[PDB]
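One structure is given here, and the rest of the page talks about it.
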Amino acid sequence: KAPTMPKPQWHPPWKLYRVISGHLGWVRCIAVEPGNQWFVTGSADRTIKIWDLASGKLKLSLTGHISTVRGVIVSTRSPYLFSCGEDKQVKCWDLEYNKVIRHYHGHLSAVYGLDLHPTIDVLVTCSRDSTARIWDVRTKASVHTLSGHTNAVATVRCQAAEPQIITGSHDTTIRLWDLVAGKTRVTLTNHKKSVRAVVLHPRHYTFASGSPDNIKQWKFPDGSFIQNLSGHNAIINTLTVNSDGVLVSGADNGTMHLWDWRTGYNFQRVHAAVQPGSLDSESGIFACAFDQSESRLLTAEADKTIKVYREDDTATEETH
Amino acid sequence: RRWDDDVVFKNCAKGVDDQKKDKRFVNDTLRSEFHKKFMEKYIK
Amino acid sequence: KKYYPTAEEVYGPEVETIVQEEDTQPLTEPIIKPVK
């Protein structure tokens, strides 16, 4: 009865292969190197530690922040592992000497997330004081103050296709602030909850979006609501999408619901376990991003255990 | 030979009675190796 | 002595849960290019 019901997309279920637990505190960010060798992941212990992307062993430990590290954006166009700390300091720890090289400032409060633009030499630092900041890389100065949010700008997206910068505001209103002007070119007539999640699928479609309650898709030219999300009412914090058509949603309740970017039905919708030292209701996917080789999924939970989920071939998972 | 005759306890041969050391991390910060050493070294 | 549950049965026997503490490449291998 539903449109496009008997022809969904293909999505085999995944399986956890290794649960690395070396950090001391809730991991708030996780990122993979573009060479598929390093895995940068912060923690609540104010130490952004890099590990092996495939072996899983520890590779380095780089501290320096005065608060929780809630952002780690490894730059692919330049060797600089920039990080956003909650101590009002976007510590751009360059990996050329494993130390701070820039130490840019300007935000009045904690920084929510950071995203490096693929084309423009600037870093979109989504702060949480009242707005975001367009920090210029290798200049140590801000470009423009894109103040278009009534609350903290949690999510951030710097796409080369979208001319504006998609900012995710916690005031239940997403915005697309232009890079040259700075004003929000178009708002979002959706996401009734506090929107603190955003994704992008540039493989064969436009960039989507997300929300904790009543999430929906979008489009890159000026926004276009394609379809809403499934029955996921938990507080979503991680939203990753692969080029093969997989859509991973990481919520705070631990229910890592995996759906399709085209079909929309939840393929796996499995819930992860917790650490023995942790509490009963403490496991929650705060950050999740796929690998550079798009083989083993990586989700950093809140139970101080960076879990890695590999793939597995199966055929008895037909959805009605 | 014949140097330890009145020894009550012969040999313990067990430091932690489960392994040579802890070698296991836990999310509980109080019941970990960090708080066990900080309550034994700095405190007395 | 101590008393705590083991992590082998909680996270499953399949997923080899590793716990790395420290002492691996003290800011030399990802810092500079390796000696080719």
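So basically every Cβ, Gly included, is an ideal-geometry build from the backbone, and we count neighbours across all protein chains shown. What follows is calculated from the coordinates using simple rules that are stated; it is not laboratory data.
Between A:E96, A:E33, the distinction of being under 15 Å from the mean Cα position of the chain (by Cα), among the charged types (D, E, K, R) and over 15 Å from A:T155 (Cα atoms) belongs to A:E33 only. Restricting attention to segment A:34-58, the residues being crowded, with 20+ Cβ neighbours inside 10 Å and within 14 Å of chain C (Cβ to nearest Cβ) number 12.
Among the residues of segment A:102-131, those that are of a type in the set (D, E, K, R) and crowded, with 21+ Cβ neighbours inside 10 Å comprise A:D115, A:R128. The lone criterion from (1) of a type in the set (F, W, Y); (2) surrounded by fewer than 19 Cβ atoms within 10 Å (Cβ to Cβ); (3) touching a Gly at 6+ places or on another chain (Cβ under 8 Å) left unmet by A:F286 is number (2). For segment B:11-44, taking the residues that are small (G, A, S) and loosely packed, with under 12 Cβ neighbours inside 10 Å, the one that is nearest to the other protein chains (Cβ to nearest Cβ) is identified as B:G15. Can you find a residue that is crowded, with 22+ Cβ neighbours inside 10 Å, basic (K, R) and closer than 22 Å to A:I236 by Cα anywhere in segment A:290-303? No: zero hits. Looking at A:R28, A:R77, A:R70, which is the one that is closer than 24 Å to A:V248 by Cβ, away from chain C (no Cβ under 14 Å) and not in a strand (DSSP E or B)? Unique residue meeting the criteria: A:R28. One residue stands out among those in segment C:1-13 that are surrounded by 10 or more Cβ atoms within 10 Å (Cβ to Cβ) and facing chain A (nearest Cβ under 8 Å): the one that is farthest from B:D22 (Cα to Cα), which is C:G12. Working only within segment A:66-101, note down all residues that are surrounded by 22 or more Cβ atoms within 10 Å (Cβ to Cβ) and more than 21 Å from A:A287 (Cα to Cα). Listed by number, the list holds a single entry, A:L95.
Restricting segment A:132-147 to residues that are at negative phi and outside any strand (DSSP E or B), the residue that is surrounded by the most Cβ atoms within 10 Å (Cβ to Cβ) is A:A132. Which members of segment A:263-299 meet the condition of being in contact (Cβ under 8 Å) with a residue 60 or more places away in the chain and within 14 Å of chain B (Cβ to nearest Cβ)? Selection gives A:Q275 alone. What pairs come out if I take residues in segment A:168-193 that are in a strand (DSSP E or B) and pair them with residues that are among the aromatic types (F, W, Y) whose C-beta lies under 6 Å away, six or more apart or interchain? Matching pairs, first to second residue: A:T184/A:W177.
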